[PDB]
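For reference, the chains in residue letters:
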Amino acid sequence: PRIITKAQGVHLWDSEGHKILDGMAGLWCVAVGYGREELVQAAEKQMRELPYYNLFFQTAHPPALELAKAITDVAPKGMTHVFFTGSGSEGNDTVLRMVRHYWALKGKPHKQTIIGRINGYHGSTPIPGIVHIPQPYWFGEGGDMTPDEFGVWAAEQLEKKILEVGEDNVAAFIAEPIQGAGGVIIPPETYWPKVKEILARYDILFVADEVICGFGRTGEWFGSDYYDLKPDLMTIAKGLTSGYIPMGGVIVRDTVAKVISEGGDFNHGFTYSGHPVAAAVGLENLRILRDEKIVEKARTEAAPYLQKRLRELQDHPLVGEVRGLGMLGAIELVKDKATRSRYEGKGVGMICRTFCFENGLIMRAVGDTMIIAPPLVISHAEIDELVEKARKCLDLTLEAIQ
Amino acid sequence: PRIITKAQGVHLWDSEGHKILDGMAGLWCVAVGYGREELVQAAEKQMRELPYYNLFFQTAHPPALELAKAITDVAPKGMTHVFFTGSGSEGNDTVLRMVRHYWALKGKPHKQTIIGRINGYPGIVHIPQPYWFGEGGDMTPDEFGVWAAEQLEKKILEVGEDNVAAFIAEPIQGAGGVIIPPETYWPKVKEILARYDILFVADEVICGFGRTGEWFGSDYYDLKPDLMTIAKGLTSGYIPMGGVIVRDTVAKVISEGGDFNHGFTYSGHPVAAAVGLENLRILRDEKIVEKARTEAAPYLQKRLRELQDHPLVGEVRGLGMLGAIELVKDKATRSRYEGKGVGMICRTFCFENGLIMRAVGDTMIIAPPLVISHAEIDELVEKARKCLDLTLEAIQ
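Residues numbered from 1 in each chain as written, not as in the entry; some residues may be left out. Chains lettered and ligands numbered in written order. Heavy atoms only, no water.

As documented in the archive entry, the model was determined using X-ray crystallography at 3.40 Å resolution.

The PDB entry lists chain B under the name Polyamine:pyruvate transaminase, from Pseudomonas putida KT2440. The record lists the entry's title as "Crystal structure of the open state of omega transaminase TA_5182 from Pseudomonas putida KT2440". Quoted verbatim from the Cofactor (unreviewed entry) heading of the UniProt record, the comment on chain B is "pyridoxal 5'-phosphate". Recorded under Sequence similarities (unreviewed entry), the UniProt text for chain B is reproduced unchanged: "Belongs to the class-III pyridoxal-phosphate-dependent aminotransferase family." (UniProt positions renumbered as here; feature names shortened; annotations may be inferred.)

For chain A, the name recorded in the PDB entry is Polyamine:pyruvate transaminase, with Pseudomonas putida KT2440 as its organism. The UniProt entry for chain A carries the following text under Cofactor (unreviewed entry): "pyridoxal 5'-phosphate". Checking UniProt for chain A, the heading Sequence similarities (unreviewed entry) contains the comment "Belongs to the class-III pyridoxal-phosphate-dependent aminotransferase family."

Shown next, in the form of structure tokens:
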């Protein structure tokens, strides 16, 4: 039984004193790495000054506002409003309400169906008003097409579905820039360009799920920045606080915010914001990401090296592919690299995960896809640690297959 | 907006150094009062040791478990499962999923309609609230209660048992002005629920963790709920967290029998749990809940009721650490100062005189920290009177 005693930077240590590199940044979230005392201190300060309560009585510099202001500053242009939640998934629920409630107020209440992709639908409990298009997963679902052309097809499928459902019954299309959860499904070059093209010609809202891509994970602040999308709403969480304290929220384009306020501010609960203690943490977490240039350094210094290094693993017999951008990476485990076939039923990723655990690496396995989203602050040294331990474990996995 | 610099016990101080008594315990939540360093220290400790989960490994004593264990210990008997959320309202959403998903797995997917009450929450239907003071006209409290309870049975039949998933109610409606039910209500509702195959959800977001004097409102009115939404006083509002407590029989049906929506991550944020656990440790181990029941509550209630003499007060009501004051133009008919917005004025004068009572229309309400002292109750009822006198004066 293996118990963690201490955590620092990108590393955990067990009771035995064995060092572990957390390649998944806690669970997608721990951006600035473990043990940043500044965040602890933010929380502490607020918790004793005034833990809860806003409006009528409030602190000298309410963290709710200053955090929102901070978020809108790093957001895509046009995104001026932030409605905070206690979690990321609460964010996605909230956005579903907001898009439907939005269209109602425009006097088009028929607009209700949400178009998701396969393997990124979310909760929402087939519901006679959430439909799916195929995911842009070339490696698994693109057979023998070129990435580029597969992308275009998977993008066109959106247009088809909008028409099939009918524009006047569609409320919104909603997608993670990169699905990352379903195994870092990085789209072909051509996808988002084409989806942009489509969205431009239909009167539907566009929700970027930045729960995972948010706050530096792509190298840019948001995946929406990276793929250059113009979303109407953005769900955030996780890296908002580097996972040091629960918080989520929705960033909202001005034009949309104005509609859920004017007309009817009943459901616009004059942004009671979120919890002061969470916000205080979030604000310091954002201050740190911008002011110590961690996002910038991820883009310019960590990312390029991580990607290069990770790709060296392509030589390994077991690896059908390495893919990744920013601080996202994935490794496909195949029986034959040519046909991209898997070790059917053997559950190989499981084995590879096992060996990662045993050898002081945290990669997550999504089926036969190993994935990584390490803290944005990982060093060259630590990337060397990572790709090294990765290889050890790939060798062990292969060995174990015989 | 007045600028608070520090908070202690049941008191805030502004920049001017003026002392303010928070009669609403933050917003229903701050149970143990402000500035308990123990809670700050719990959060701090966890935030640096291990702020969030990872796929593989965990700390020596994960606070998620220890908190759930702690909750199940204070819960009504049978309540063995806790699914945590990031908020209270996320709890109520979650429970809506759970009750519907529950019935589906029993092979009765038509069971979906939720029966709420008016002023607390086809899809979702409502019955009338047990608010004798406003909506009972000239009936006796007892008989009005029975009627308001019978209205449930009527609605179940109207909707039809095979389409009803659940009935869902706060034991006492906090939000909507401390709507304390007649004696007879909950007894009768129990009677009704006993004869229909529907689930019963207690919304303990507000009544939870001592507010009634017992741990839960469900304890107090002696209800046998199938699910309980919690939040707020779980951490004394020091850090956001919520959850659902779930009867064994229900939990067994949503886990095995229909392996689906209990993996995932409902395990709850370690940092929040650490706080929650210490908050609960404090409530049980320093006997705050017990002392609320036995020492604080009786005195608060007594004292508060002295205000009944005031011209403006149609009624004082309250149990445990809940209280309400009705502001009327004529005590006989229970009429209000229609349209004058009197509660507004009374609230205003409370703010200006270092008291936080919340106004729900013309109902002033209080839910002070469970730790309020006799001294502080004296402070409260005293400032209350001052402000009632000021409000009345201002009406001329």
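1. Here we look at the sheet that holds strand β12 (residues 319–323) of chain A
Residues and elements named next belong to chain A. A sheet is described by the order of its strands in space; here four strands give the open sequence β12-β13-β16-β15, paired in antiparallel fashion. Of all strands in the sheet, those bounded by a partner on one side alone are β12 and β15 (364–366). Put simply, the sheet's adjacent strands are angled 20° from each other on average, direction ignored. The pairing of strand β13 (residues 329–333) with strand β16 (residues 369–372) spans four bridges and is antiparallel. Bridged to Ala330 within β16 is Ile371. (Pairing = 2+ DSSP bridges. Helix = DSSP H or I, 4+ residues; strand = E, 2+ residues; numbered from the N terminus. Axes fitted to C-alpha atoms, helices over the stretch in contact; angles between N-to-C directions.)

2. Some points on the interface of chain A and chain B
Each side of the interface is counted separately: chain A has 53 residues, and chain B has 49 residues. Buried area between chain A and chain B, summed over both chains or domains, comes out near 4500 Å², and the portion from carbon and sulfur atoms is 66%. The largest per-residue losses of area from chain A upon contact with chain B belong to A:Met47, A:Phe56 and A:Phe57, which jointly make up 15% of the total buried on that side. Between chain A and chain B we count four salt bridges in total. Residue B:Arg97 pairs with A:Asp93 through a salt bridge whose shortest N-O separation is 3.3 Å. Linking chain A with chain B are 16 residue pairs in polar contact, by the criterion used here. The set of elements that each furnish at least two residues to the side of chain A that touches chain B consists of β1 (4–8), β3 (19–22), α1 (25–28), α2 (37–49), β4 (57–58), α4 (88–105), α12 (348–358) and β14 (361–362) of chain A. Take the side of chain A that touches chain B: its biggest share by element is nine residues, from α2(A). Bridge count between β4(A) and strand β1 (residues 2–8) of chain B: two bridges; the pairing is parallel. In the sheet register, A:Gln58 faces β1(B), and the bridge partner there is B:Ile3. (Contact = heavy atoms within 4.5 Å. Buried area = accessible area lost by both parts, 1.4 Å probe. Salt bridge = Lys/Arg side-chain N within 4 Å of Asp/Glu carboxyl O. Polar contact = N/O pair within 3.5 Å; in protein donor to acceptor, adjacent residues only side chain to side chain.)

3. Looking at the pattern of salt bridges
Where charged atoms from two side chains of opposite charge approach closely, those side chains can pair. Tallied over the full model, the rule gives 49 salt bridges over all chains. As a salt-bridge pair, A:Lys161 and A:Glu164 come within 3.4 Å of each other at their nearest N and O atoms. Here the residue A:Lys161 and the residue A:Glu164 both occupy positions in helix α6 (residues 147–165), the gap between them amounting to three residues, near one helical turn. Between B:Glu158 and B:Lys154 there is a salt bridge, with its nearest N and O atoms 2.7 Å apart.

4. Some words on the side chain of A:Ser87
Among the secondary structure elements, A:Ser87 is positioned in the loop between β5 (79–85) and α4. Beyond its immediate stretch of four places on either side in the chain, A:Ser87 contacts A:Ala237, A:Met247, A:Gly248, A:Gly249 and B:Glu90.

5. Section: helix α10 (residues 270–285) of chain B
Residue and element names in this part refer to chain B. Spanning 16 residues, α10 covers 22 Å between terminal C-alpha atoms, matching the ideal 22 Å at 1.5 Å per step. With twelve of its 16 residues buried, α10 lies for the most part within the structure. For α10, the complete set of buried residues consists of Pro270, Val271, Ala272, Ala273, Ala274, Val275, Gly276, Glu278, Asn279, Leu280, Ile282 and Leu283. Where the residues of α10 are buried, they touch α2 (37–49), α3 (63–74) and α11 (288–305). Positive phi shows up at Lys287, right after α10, with a value of about 60°. (Expected span 1.5 Å × (residues − 1). Buried < 20%, exposed > 50% of the residue type's maximum accessible area, 1.4 Å probe, protein only.)

6. Structural notes on the side chain of B:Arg247
Turning to its location among the elements, B:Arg247 is positioned in strand β10 (residues 242–247). It is B:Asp226 that comes nearest to the buried, bridge-free B:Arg247 among opposite-charge side chains, at 4.1 Å. (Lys, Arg positive; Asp, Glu negative; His and termini not counted.)

7. Things to note about the state of the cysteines
A full pass over the atoms with the stated rule returns zero disulfides over all chains. Counting only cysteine sulfurs, A:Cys356 is the nearest neighbor of A:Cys393, a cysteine outside any disulfide, at a range of 4.2 Å. Exposure remark for A:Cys393: the relative accessible area of 0% places this residue in the buried category. Its sulfur unpaired, B:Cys207 is 14 Å from the next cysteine sulfur, which belongs to B:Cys29. (Disulfide = S-S within 2.5 Å.)

8. Structural notes on the nonpolar core
Counting residues in each nonpolar core, the largest one holds 225 residues, and the members touching the most others are A:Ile71, A:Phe173, B:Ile71 and B:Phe167. The contacts of A:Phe173, once residues within four sequence positions are left out, are A:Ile115, A:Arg117, A:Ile133, A:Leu158, A:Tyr191, A:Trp192, A:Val195, A:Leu199, A:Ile204, A:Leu205, A:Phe206 and A:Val207. Counting residues in hydrophobic clusters, the runner-up holds 21 residues, among them A:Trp103, A:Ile114, A:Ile130 and A:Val252. (Core = buried A, V, L, I, M, F, W, Y, C linked by side-chain atoms within 4.5 Å.)

9. Looking at the domain arrangement of chain B
All names here are of chain B. What the domain assignment lists for chain B is domain 1 (4–30 + 287–394) and domain 2 (40–285). For domain 1 versus domain 2, the separation of C-alpha centres amounts to 27 Å. Taken together, the contact pairs 31 residues of domain 1 with 32 residues of domain 2. Roughly 2600 Å² is buried in total at the junction of domain 1 and domain 2, and carbon and sulfur atoms are behind 63% of that figure. (Domains from an automatic or database assignment.)

10. Some points on the domain arrangement of chain A
Residues and elements named next belong to chain A. Domain boundaries assigned for chain A yield domain 1 (4–30 + 293–400) and domain 2 (40–291). If you average the C-alpha positions of domain 1 and of domain 2, the two centres end up 27 Å apart. Taken together, the 30 residues of domain 1 in the interface contact 32 residues of domain 2. Summing both partners gives a buried area of about 2600 Å² for domain 1 against domain 2, and 63% of it is carried by carbon and sulfur. When the area that domain 1 buries against domain 2 is broken down by residue, the three leading residues are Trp28, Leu325 and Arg340, summing to 29%. Applying the counting criterion to the domain 1 and domain 2 interface returns one salt bridge. Among the ionic pairs, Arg299 bridges to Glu220, the shortest N-O distance being 3.7 Å. There are 14 residue pairs in polar contact connecting domain 1 and domain 2.

11. Concerning unusual backbone geometry
Phi angles above zero are rare outside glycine, and A:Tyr53 is one such case at about 100°. As for its placement among the helices and strands, A:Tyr53 is situated in the loop between α2 and β4. With phi around 55°, B:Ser236 is a residue other than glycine that occupies positive phi space. Within the secondary structure, B:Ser236 is located in the loop between β9 (227–231) and β10.

12. Quick notes on α3(B)
For an α-helix, 3.6 residues make a turn, and residues three or four places apart therefore share a direction. Residues and elements named next belong to chain B. Between its first and last C-alpha atoms α3 spans 17 Å; for twelve residues at 1.5 Å apiece the expected length is 16 Å, and the two agree. If you check which residues of α3 are buried, you get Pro63, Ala64, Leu67, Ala68, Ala70, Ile71 and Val74. Summarising the axial view, the buried residues of α3 lie within an arc of 160°, below the 170-degree limit, and thus occupy one face. For α3, exposure combined with an orientation more than 90 degrees from the buried face picks out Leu65 and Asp73. Looking at the buried side of α3, the elements it contacts are α2, β4 (79–85), α8 (217–221), β9, β10 and α10. (Arc of directions from axis to C-beta.)

13. Considering the sheet that holds β4(B)
Residues and elements named next belong to chain B. Pairing is mixed in the open sheet, where seven strands are placed in the order β4-β10-β9-β8-β7-β5-β6. Unpaired on one side and paired on the other, β4 and β6 (124–127) mark the two borders of the sheet. Strand after strand, the sheet turns through a mean of 25° between neighbouring axes, direction not considered. With six bridges connecting them, β4 and β10 associate as antiparallel partners. Paired with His81 across the strands is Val246, a residue of β10. Across the face of the sheet, helix α4 (residues 88–105) comes into contact with β4, β5 (113–117), β6, β7 (164–169), β8 (199–203), β9 and β10 while running at roughly 165° to β9. Packing against the sheet, helix α6 (residues 141–159) makes contact with β5, β6 and β7, and its axis sits at approximately 150° to β6.

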